[PDB]
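Data first, discussion second: the structure below is written as structure tokens.
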Amino acid sequence: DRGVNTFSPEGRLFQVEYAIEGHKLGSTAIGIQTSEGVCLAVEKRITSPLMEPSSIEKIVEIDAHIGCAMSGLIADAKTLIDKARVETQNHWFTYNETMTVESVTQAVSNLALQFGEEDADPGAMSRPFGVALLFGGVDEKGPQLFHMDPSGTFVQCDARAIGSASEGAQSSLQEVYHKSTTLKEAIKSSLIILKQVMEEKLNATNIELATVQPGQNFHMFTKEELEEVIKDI
Amino acid sequence: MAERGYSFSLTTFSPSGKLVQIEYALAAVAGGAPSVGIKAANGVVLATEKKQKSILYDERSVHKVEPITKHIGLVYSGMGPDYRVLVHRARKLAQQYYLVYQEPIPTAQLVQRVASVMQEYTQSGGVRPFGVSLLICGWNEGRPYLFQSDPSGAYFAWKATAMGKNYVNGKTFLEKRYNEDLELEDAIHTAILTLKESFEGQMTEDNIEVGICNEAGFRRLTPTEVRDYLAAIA
Amino acid sequence: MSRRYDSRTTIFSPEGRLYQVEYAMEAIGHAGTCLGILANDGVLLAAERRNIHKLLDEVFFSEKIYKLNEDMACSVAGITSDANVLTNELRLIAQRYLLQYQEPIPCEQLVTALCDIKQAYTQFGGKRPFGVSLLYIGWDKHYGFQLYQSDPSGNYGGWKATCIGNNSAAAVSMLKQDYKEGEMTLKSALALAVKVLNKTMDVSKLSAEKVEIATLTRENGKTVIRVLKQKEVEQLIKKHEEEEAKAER
Amino acid sequence: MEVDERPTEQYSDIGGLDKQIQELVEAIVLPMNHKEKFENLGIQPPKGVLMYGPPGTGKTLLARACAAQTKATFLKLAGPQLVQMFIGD
Amino acid sequence: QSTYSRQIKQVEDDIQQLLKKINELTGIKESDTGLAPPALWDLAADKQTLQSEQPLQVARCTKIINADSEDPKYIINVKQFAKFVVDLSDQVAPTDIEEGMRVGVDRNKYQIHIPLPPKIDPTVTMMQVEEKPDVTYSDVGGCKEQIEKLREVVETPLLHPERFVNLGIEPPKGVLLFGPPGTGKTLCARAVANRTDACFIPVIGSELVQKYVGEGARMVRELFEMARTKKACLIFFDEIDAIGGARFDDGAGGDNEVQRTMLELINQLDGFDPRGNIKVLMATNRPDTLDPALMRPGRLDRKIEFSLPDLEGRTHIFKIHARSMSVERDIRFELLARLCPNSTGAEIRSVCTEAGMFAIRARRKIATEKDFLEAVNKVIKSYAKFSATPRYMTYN
Amino acid sequence: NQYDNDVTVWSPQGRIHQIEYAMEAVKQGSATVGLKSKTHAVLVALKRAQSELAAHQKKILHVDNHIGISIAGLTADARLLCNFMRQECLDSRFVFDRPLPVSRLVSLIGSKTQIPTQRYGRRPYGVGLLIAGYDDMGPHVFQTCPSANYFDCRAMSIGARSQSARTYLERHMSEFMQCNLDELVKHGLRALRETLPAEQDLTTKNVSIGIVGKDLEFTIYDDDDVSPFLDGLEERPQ
Amino acid sequence: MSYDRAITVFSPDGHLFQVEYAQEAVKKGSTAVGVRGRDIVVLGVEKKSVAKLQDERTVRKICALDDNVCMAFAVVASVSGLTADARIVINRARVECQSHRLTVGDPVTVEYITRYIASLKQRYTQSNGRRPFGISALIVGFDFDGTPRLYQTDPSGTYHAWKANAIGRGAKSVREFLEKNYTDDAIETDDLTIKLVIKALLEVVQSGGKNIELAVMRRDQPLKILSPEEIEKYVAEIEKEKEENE
């Protein structure tokens, strides 16, 4: 086909630069790291009032103590989560300790660029991934939020938002949040940017929030407990 | 280390009951060497153009008339390398039959199995099917038989057919002409006359090569003998 | 290069479907026709050989209809070349299932399994899908007498009278018109089979050399698959003369 | 195309690549005036010089500059100009 | 309505036929167009008929050749396309007859009666330059940094070359404009042209490439020369992916056409004489999709950045677009700006306008806050989606 | 175009265009300085972050407690080579039990990164590694490219306008072997600023430090554990 | 999985050419609506194309992936018939379903199938010879909790829980026609769900209940595919009803 080895004279891939535009049409995800937990926010994308928030999630379990909220292209997120889930469970038998939020993000980051037009294998691709994932979980070093992106780089962040506008959703988050603060203020800060960047506005079946504290397991929130977080936008 | 290159289909269906690239292969056998085959009904005789038109030919075993086994012989028209593999494969197939049955491979069967590789090479990318067509003889069922296997992999059943230069014209002349109930000696005489009609230029005995299949078994006629037949008839 | 061509074999086209799959159907149109008809106590296959030539020796008396098993039969509609490979795969599948099953191979079961291979190539492997639609006739206990039709597209169909190969639209209607659901018995059906072949050919005049007729009739304790000799078909060619009158009347 | 000098853009606009400057001044300017010497030695005066390299090196820079300074009879021809929309005119 | 439409159809047909006769017949009815003030002019007009200097034939001076033997020789091309050599004007200056200058020459004697205003030597170059409007900064969104560089590079050296001497460089021969489309680059470009008092000549790359290549070559050279006559000018080459596209020539494609036109432009950039204080401005998607061969970086100078509005960046454009417009609102400029995703400036500008069209729908005549809210939701979806080719397989 | 994306079209110099692009990829990536002594090896790398409410990504990666690597370029391409370097070093340690020389390890990496340059339709990687190691001979800083070509240097700097950093390094080349662990870092800091504009010097949170030896085990200093190694720098030597 | 070109190359649109082309390939497997009841979760398909010389089994868009999970397919388009390309997604889906029964022997979950399918499509992208997919499935089945499930998946790789969803001939359009028809009564009453499926199919197809074949699946009993003849009886009443909601 038309070049999939394509470098610019600056020295980056055109194809990677193309990958971001896909994320922008997709879903919106907020991850905030708190001292007192990690809270994860994600767009459910309502479009009927018949879609049940308790039965279906897009906050999903990597481990029983670790969560990941997805953004951008949905199909692409699933492939990264299934390899990451096994790596995590295999880690638990062997070490007998929960996997660092950083440890899982590094593994997925390998997949992002390895593409080429021909000589492709499962470890390689025909075009780079356009999803950014927010892996949030509590480990022995404390609550951490690590951020993985389409360029296949891992960075520690105490607040990252990626969605309809990646940089836009992160600039709203830069104004509100402060580094060290209470759980309710972090949960409030995640919802608040979310409705403004989106076309869609804040409801209790519009978005999905689940919170991981340290000393707790991953809990996906009940119908009532999802509605409690809505009162403070 | 590793090779790729060409692995997508190279062959596209044409509405004619055949693909484009195989149709072109059949022209290749036409520009191939003249080979004639007539079933005499008491053996089959097959005759082929010995030459590759350098006219230095010194054959003692390097023939294009080859015994595969006890009662199967092959003469071809078209490509040399493509043919050598079919001969090597044929012995392995004949023997494959010889192990199970304790008789070698009937004409029909040998054709089914050779035909499957020739098609294989079509559908697959990075390969091309043979440029060879076979005149296959055999004695099975208590009757001599002669089959034509084309470079496509299709088979056409023939009691007499001609290949090489003017093959098309060759088939119509045989379809009308073909004979049966022929003595062994006569079998050679008819076969040489048909070869005269396909093949141009000089014939002596280092220009044409003849092999016969009968009850005793397939063998390949000595250059002295061919000459005596050639002279005899008008 | 290889990166500057198109053939859209594994790649989907603007159509939403591959070129290679659609083209295979065109090749099938101008190649000899195969039909299978249902009778009350058997099933039969009748086919037009790919040989339009005036002289055949009959080295292989299966040049269209090959009997795979003692429980099954097939026809070829398309190119004889892709058939050769397929014929060899069929002698193994048909007998393997039977070793295990000890019951005459179900007509449906066979086709779906085969159709899976036809589709496998077009989707992956970078090979084109076989240029041959195979018409399977068989009998199993839990559907009864059957005819199933195979495509290069991986489409299967449960039929009682169908025809594939050349001028198929005409042919299926012509089999429906003469032969309704469950109407016609095995002998009278063999006649009907030749009558449609005479009309529909790539090149006219129906002869013993151009046709091969196969019967599945259940004999005393065994289901017997025979390909009829030229001699028997000839008695049906006169029967086919009688049949033309009979359809009309 | 008719003679009238084209300006100097000077050779003291490019420093370095000295060796290359010497080759251009010898090649182009000398056989033009000094044809007698090219004949004396025994050679024909060139049928031209091709200046090639990567863009921006000063391939054109030296030729135009040197030619004015020396005083020469300068024809201004441009390759794309010569091609026209009428066929083989 | 089938029976009702026939009645109406016949009645018009008859009335329409009758009209043809009336119109033709009436005419202007043997009147004179000139009226009363031209009567005195008729008498003049007759004197002129007798005279040999009238009528003049327009021509153009092609070339200056001296082998003088009367008064200076010039070869002109007559518009019957016979070349004739004429001589210095009967009383007018030799400094008015120049190469590429128009001249009026007698029809009966062929000598220069009077020279005329210059240029008519190309047919095509005259066609390629089009009308010029002015739009001002008010109308073009943003006071951003991206906006600021366009002015500094274009306005300052041409307006005052003094500043550019002080620094110790020449005013740019070349200038590069880059940034993806749908940002108001052309709009900004119009806006600096008025301030600078530097004439902008718009040019289209699509006219330059043509079936047979060579027309575009002569056109480009002639175009530089015209601009060179103008003092402190800009030749703005808009929408070019001919003089703007990839460097490559297939050698049986339309790519041949591109390569001749580019190649002359390189010759022009350096010049037959240099181009201090003359700017050519070129618009490309980004400088990496522009030639490394046509880009010979010293001459081109500064590359002026324009980039796709940011979320903050679009908050800024939207206040300008809104303020310029007459609108009655309750909701604020920032909210709606964050509401939009990162896409283009163009969707966000259309919101301001679409709210006015919803007002007519709503049965108001000016916008309101609810019209505004409605406009973001429809606009983001509409323009972005339902576009673009669904393939990027098997291209060069 | 498409003759520059082919890994089977070459220049008349005999250079494949795809290898040429692949070297530049390093150069757009952030500057890293790697130095050696005769007791230690120091990796100083320049960081980046997405936001002010974030900590910077370690560009120093942990392999073993005797060998350590620092990346400049694409992280995802980096991670495949990283999975390869960890696999070989650990192998060496189980089977041979020698605290692997740098010099053997880089040559094998050179083989792998060369494979896509020969493959049709596959792009070369475009990340630069300065691999710091300590074996029983002493420390070595080897630099491996996106091509096979690998360097044994006393000090090297790769990235933007990296030639300028080498000049500082060459003036203090001898000194490096005498100096201490603490100083080797400070001389690294002073090289790293030469690459960047003279309008800017380093700060505490854009410096990552990776220290290597077997007189010490491997350490990564992040954004605030950087400070003790950082003190002692000169603002833009020209 | 062997080719010599990439299967797709990326665009700055952020669409995959092959997944969108696949969506049309799955509307070849015609229109399918499924509604979730209290105890019977029902899906029905468009066209059986009856000529009484055929079998009804062979054209089915209803495929049994297990004996307690079943699905009907489509997505968007209007393009020509062909069961076959869709049938291929079923053949992968049926292994996927069956491997889970080996792992968890209770009636296998809908969620598992949908998730595996989204990831399965991305994976095919990566291999140069493998043809991607992009389909929607109406997954019907039961959990080990005995509660009804109707799930649906999309070419965008995303699966959602629903009380009624329809796919085919404009996915959003058949779905919206059901949104009107839905009331709170509908889902608990067993009788009411069946009528919803038949009104949606009756729109795009002429003379249904010969081109409407639907299956009910139950908490305790496996897949039952109803005869067409008993479905026609419903179609006649229900078509009276369909005009009323409009």
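Here's how to read the names in the structure tokens: chain A, B, ... by the order shown, residue numbers from 1 in each chain, ligand numbers from 1 in the order shown.
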
Quiz item: What residues in chain A have any atom no more than 10 Å from chain F when counting only C-alpha atoms, and can you write them as a count of residues only?
Solution: 53

Quiz item: residue 267 (chain E): which residues within 10 Å, counting only C-alpha atoms, same-chain residues fewer than 6 positions away excluded, as a list in words?
Solution: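 Listed by chain and then number, they are residues 78, 79 and 80 of chain D; 221 and 294 of chain E.
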
Identify all chain D residues at most 6 Å from chain E by counting only C-alpha atoms; ligands do not count. Present them as a compact mmCIF listing (two decimals) with C-alpha atoms, in the first residue's frame.
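File produced: result-v2.txt:
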```
# COMPACT_ATOMS: atom_id res chain seq x y z
CA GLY D 56 22.31 26.06 -1.42
CA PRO D 80 11.87 26.12 -18.35
CA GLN D 81 11.58 29.16 -20.49
CA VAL D 83 9.86 24.75 -23.16
CA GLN D 84 6.62 26.16 -24.61
CA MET D 85 2.93 25.12 -24.92
```

Would you pick out the contacts of residue 74 (chain D) at 9 Å or less, using only C-alpha atoms, so that residues sharing its chain but fewer than 3 positions from it are not included, and give the list as a compact mmCIF listing (two decimals) with N, CA, C and O atoms, in the first residue's frame?
```txt
# COMPACT_ATOMS: atom_id res chain seq x y z
N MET D 1 18.51 36.65 -23.85
CA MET D 1 19.57 35.75 -24.44
C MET D 1 20.70 36.58 -25.04
O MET D 1 21.88 36.27 -24.94
N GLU D 2 20.39 37.75 -25.62
CA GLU D 2 21.39 38.61 -26.24
C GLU D 2 22.26 39.21 -25.16
O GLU D 2 21.85 39.44 -24.02
N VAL D 3 23.58 39.44 -25.46
CA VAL D 3 24.62 39.79 -24.49
C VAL D 3 24.38 41.12 -23.81
O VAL D 3 23.70 42.03 -24.40
N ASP D 4 24.75 41.24 -22.52
CA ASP D 4 24.57 42.29 -21.60
C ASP D 4 24.89 41.47 -20.36
O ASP D 4 24.24 40.46 -20.20
N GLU D 5 25.84 41.89 -19.49
CA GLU D 5 26.29 41.21 -18.32
C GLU D 5 25.19 40.97 -17.31
O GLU D 5 24.18 41.69 -17.26
N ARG D 6 25.35 39.92 -16.46
CA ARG D 6 24.46 39.62 -15.37
C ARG D 6 25.33 39.94 -14.15
O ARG D 6 26.52 39.63 -14.16
N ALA D 67 31.84 35.69 -13.30
CA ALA D 67 31.66 36.08 -14.65
C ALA D 67 31.55 37.56 -14.86
O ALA D 67 32.03 38.08 -15.83
N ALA D 68 30.84 38.28 -13.95
CA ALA D 68 30.71 39.77 -14.05
C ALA D 68 32.08 40.45 -13.76
O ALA D 68 32.51 41.44 -14.43
N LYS D 71 34.49 40.44 -16.51
CA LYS D 71 33.90 41.04 -17.69
C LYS D 71 33.74 39.88 -18.63
O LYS D 71 34.67 39.19 -18.96
```

Quiz prompt | Counting only C-alpha atoms, chain C residues within 8 Å of chain B, as a ChimeraX atom specification | solution = /C:2,7,9,20,23-24,26-31,50-51,54-60,63,78-82,84-85,125-131

Quiz prompt | Interface residues on chain E facing chain C, 9 Å, only C-alpha atoms, written as a PyMOL selection string | solution = chain E and resi 390-391+394-396

Please report as JSON lines every residue of chain G lying within 7 Å of chain C, along with the nearest atom pair and their distance in Å (one decimal), using only C-alpha atoms.
```
{"residue": "G:1", "atom": "CA", "partner": "C:125", "partner_atom": "CA", "distance": 4.4}
{"residue": "G:2", "atom": "CA", "partner": "C:125", "partner_atom": "CA", "distance": 4.6}
{"residue": "G:3", "atom": "CA", "partner": "C:126", "partner_atom": "CA", "distance": 5.1}
{"residue": "G:4", "atom": "CA", "partner": "C:2", "partner_atom": "CA", "distance": 6.6}
{"residue": "G:5", "atom": "CA", "partner": "C:3", "partner_atom": "CA", "distance": 5.5}
{"residue": "G:7", "atom": "CA", "partner": "C:11", "partner_atom": "CA", "distance": 6.0}
{"residue": "G:18", "atom": "CA", "partner": "C:12", "partner_atom": "CA", "distance": 6.1}
{"residue": "G:21", "atom": "CA", "partner": "C:16", "partner_atom": "CA", "distance": 4.4}
{"residue": "G:22", "atom": "CA", "partner": "C:16", "partner_atom": "CA", "distance": 6.0}
{"residue": "G:24", "atom": "CA", "partner": "C:16", "partner_atom": "CA", "distance": 5.5}
{"residue": "G:25", "atom": "CA", "partner": "C:16", "partner_atom": "CA", "distance": 5.4}
{"residue": "G:53", "atom": "CA", "partner": "C:160", "partner_atom": "CA", "distance": 5.3}
{"residue": "G:54", "atom": "CA", "partner": "C:159", "partner_atom": "CA", "distance": 4.4}
{"residue": "G:55", "atom": "CA", "partner": "C:158", "partner_atom": "CA", "distance": 4.7}
{"residue": "G:58", "atom": "CA", "partner": "C:157", "partner_atom": "CA", "distance": 5.4}
{"residue": "G:83", "atom": "CA", "partner": "C:155", "partner_atom": "CA", "distance": 6.7}
{"residue": "G:84", "atom": "CA", "partner": "C:155", "partner_atom": "CA", "distance": 5.1}
{"residue": "G:129", "atom": "CA", "partner": "C:124", "partner_atom": "CA", "distance": 5.2}
{"residue": "G:130", "atom": "CA", "partner": "C:124", "partner_atom": "CA", "distance": 5.0}
{"residue": "G:131", "atom": "CA", "partner": "C:123", "partner_atom": "CA", "distance": 5.3}
```

Restrict the selected residues to C-alpha atoms and save them as a short mmCIF file (atom, residue, chain, number, x, y, z; two decimals), in the first residue's frame.
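Below you can see selection.cif, which holds the result:
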```cif
data_model
loop_
_atom_site.label_atom_id
_atom_site.label_comp_id
_atom_site.auth_asym_id
_atom_site.auth_seq_id
_atom_site.Cartn_x
_atom_site.Cartn_y
_atom_site.Cartn_z
CA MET G 1 -2.31 -15.22 7.10
CA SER G 2 0.03 -14.34 4.31
CA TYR G 3 -0.08 -11.23 2.02
CA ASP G 4 2.45 -8.68 0.78
CA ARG G 5 0.82 -5.30 1.50
CA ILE G 7 -4.29 -4.64 5.25
CA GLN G 18 -11.72 -2.27 6.51
CA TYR G 21 -16.31 -1.95 4.58
CA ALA G 22 -16.94 -4.93 6.93
CA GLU G 24 -21.63 -3.27 4.88
CA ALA G 25 -20.48 -6.99 4.66
CA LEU G 53 -37.58 -26.13 -2.83
CA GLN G 54 -35.24 -25.02 -0.23
CA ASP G 55 -34.52 -25.64 3.41
CA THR G 58 -29.42 -23.02 5.63
CA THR G 83 -25.24 -15.17 4.61
CA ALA G 84 -21.66 -16.22 4.24
CA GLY G 129 -3.17 -11.46 5.50
CA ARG G 130 -6.13 -11.49 7.89
CA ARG G 131 -9.34 -9.76 6.78
#
```

Hey, what's within 12 Å of residue 47 (chain A) if we count only C-alpha atoms and toss same-chain stuff fewer than 5 positions away? As a tab-separated table (two decimals) with N, CA and C atoms, in the first residue's frame, please?
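Saved result, result.tsv, follows:
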```
chain	number	residue	atom	x	y	z
A	52	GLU	N	-28.38	0.01	30.98
A	52	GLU	CA	-28.23	-0.14	32.44
A	52	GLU	C	-26.89	0.13	32.95
A	200	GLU	N	-22.06	16.25	25.81
A	200	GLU	CA	-23.01	15.66	26.73
A	200	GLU	C	-22.78	16.17	28.10
A	205	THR	N	-26.10	8.28	34.71
A	205	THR	CA	-26.09	7.11	33.85
A	205	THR	C	-25.33	7.62	32.66
A	206	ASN	N	-25.03	9.07	32.59
A	206	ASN	CA	-24.24	9.69	31.56
A	206	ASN	C	-22.81	9.26	31.79
G	160	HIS	N	-22.90	-2.70	24.90
G	160	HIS	CA	-23.78	-2.04	25.88
G	160	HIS	C	-24.94	-2.99	26.31
G	161	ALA	N	-25.50	-2.86	27.52
G	161	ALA	CA	-26.63	-3.58	28.02
G	161	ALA	C	-27.82	-2.89	27.56
G	162	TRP	N	-28.96	-3.55	27.26
G	162	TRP	CA	-30.11	-2.86	26.71
G	162	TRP	C	-31.33	-3.66	27.12
G	165	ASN	N	-32.96	-3.66	21.38
G	165	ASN	CA	-32.06	-3.01	20.37
G	165	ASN	C	-32.37	-3.75	19.07
G	172	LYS	N	-29.28	2.95	13.79
G	172	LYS	CA	-29.89	3.95	14.64
G	172	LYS	C	-31.41	4.04	14.35
G	175	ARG	N	-33.50	0.95	15.67
G	175	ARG	CA	-33.42	1.13	17.05
G	175	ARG	C	-34.38	2.23	17.64
G	176	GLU	N	-34.49	3.39	16.93
G	176	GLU	CA	-35.33	4.48	17.29
G	176	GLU	C	-36.82	4.14	17.18
G	179	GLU	N	-37.66	2.46	20.19
G	179	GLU	CA	-37.67	3.33	21.35
G	179	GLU	C	-39.09	3.88	21.59
```

Exercise. Quote the spacing between CA of residue 91 (chain F) and CA of residue 106 (chain F) in Å to one decimal place.
Key: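 Separation of CA of residue 91 (chain F) and CA of residue 106 (chain F): 14.9 Å.
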
Give me, as a PDB file with C-alpha atoms, in the first residue's frame, all polymer residues having an atom no more than 9 Å from residue 44 (chain A), counting only C-alpha atoms and skipping those fewer than 2 positions away in the same chain.
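part_0.pdb, freshly written:
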```
ATOM      1  CA  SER A  27     -14.940   8.621  24.566  1.00  0.00           C
ATOM      2  CA  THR A  28     -13.585  10.805  27.455  1.00  0.00           C
ATOM      3  CA  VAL A  42     -15.383   7.639  32.164  1.00  0.00           C
ATOM      4  CA  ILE A  46     -26.055   7.325  26.874  1.00  0.00           C
ATOM      5  CA  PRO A  53     -25.278   1.408  34.233  1.00  0.00           C
ATOM      6  CA  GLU A  57     -19.086  -0.886  32.712  1.00  0.00           C
ATOM      7  CA  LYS A  58     -16.188   0.932  30.958  1.00  0.00           C
ATOM      8  CA  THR A 205     -26.088   7.114  33.853  1.00  0.00           C
ATOM      9  CA  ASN A 206     -24.239   9.687  31.563  1.00  0.00           C
ATOM     10  CA  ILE A 207     -20.892   8.976  33.351  1.00  0.00           C
ATOM     11  CA  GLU A 208     -19.423   6.143  35.439  1.00  0.00           C
TER      12      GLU A 208
END
```

Quiz item: Residues at most 10 Å from residue 231 (chain F), counting only C-alpha atoms, excluding those fewer than 2 positions away in the same chain, as an NGL selection string?
Solution: :F and (182-183 or 185-186 or 189 or 204 or 226-229 or 233-234)

Practice problem: May I have the residues of chain G within 8 Å of chain A, counting only C-alpha atoms, written as a PyMOL selection string? | Solution: chain G and resi 4-15+115+118-119+121-123+125-128+156-158+160-164+179

Exercise. Rounded to one decimal place, report the CA of residue 266 (chain E)-CA of residue 174 (chain E) distance in Å.
Key: 10.9 Å

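Taking CA of residue 62 (chain E) as the reference point, CA of residue 258 (chain E) is found at 28.1 Å.
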
Quiz item: Could you write out, as a ChimeraX atom specification, all the residues of region 10-210 of chain G that DSSP marks as helix (DSSP H, G or I)?
Solution: /G:17-27,84-103,110-126,171-181,184-188,190-204
